[PDB]
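1. Sequence plus experimental coordinates follow:
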Amino acid sequence: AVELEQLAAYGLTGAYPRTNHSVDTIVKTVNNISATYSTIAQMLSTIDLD
Amino acid sequence: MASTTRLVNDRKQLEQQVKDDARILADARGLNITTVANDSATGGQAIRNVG
């Protein structure tokens, strides 16, 4: 959700997203998320799966 | 066109002969190689497993 004035100001000045990080940091973060999910799934499978 | 027109080619041939016959009389001795070593590794980032 965004209001009309903010969107108009964004579009008038021709803004675009910009970043200073590299590709590998993002994929490392995604791998961390997947690892957390895998850890929880393994714990549930070895303790709670009944 | 006389014998003067052949001076530069004469010098070329003379330089070639001087180099060739100075190579013949030069004394040649084997040298010891002292640089053998296994120091040419490659780096990079490890492909660590996730799980």
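-> Structure received. Numbers count the residues shown, from 1 in each chain, chains lettered A, B, ... in the order given.
2. Give me the secondary structure label for residue B:7.
-> The three-state assignment at residue B:7 reads helix, by DSSP: H, G, I helix; E, B strand; the rest coil.
3. Just want the most central residue of chain A.
-> With distances taken as Cα atoms, centre = their mean, residue A:30 lies nearest the centre of chain A, 7.4 Å away.
4. do you know how far it is from residue A:10?
-> Taking Cβ to Cβ, to the nearest Å as the measure, residue A:30 falls 28 Å from residue A:10. C-beta here means a position set from N, CA and C on the backbone, and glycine is covered the same way.
5. which ones are touching residue A:34?
-> Going by Cβ atoms under 8 Å, 6 or more residues apart in numbering or on different chains, residue A:34 touches residue B:50.
6. near chain A, which residues of chain B?
-> Residues of chain B lying close to chain A by Cβ under 8 Å from any Cβ of the partner chain are B:45, B:50, B:51.
7. which of those residues has the most neighbours?
-> In terms of neighbours by other Cβ atoms under 10 Å in any protein chain shown, the residues of chain B next to chain A top out with residue B:50 at 10 neighbours.
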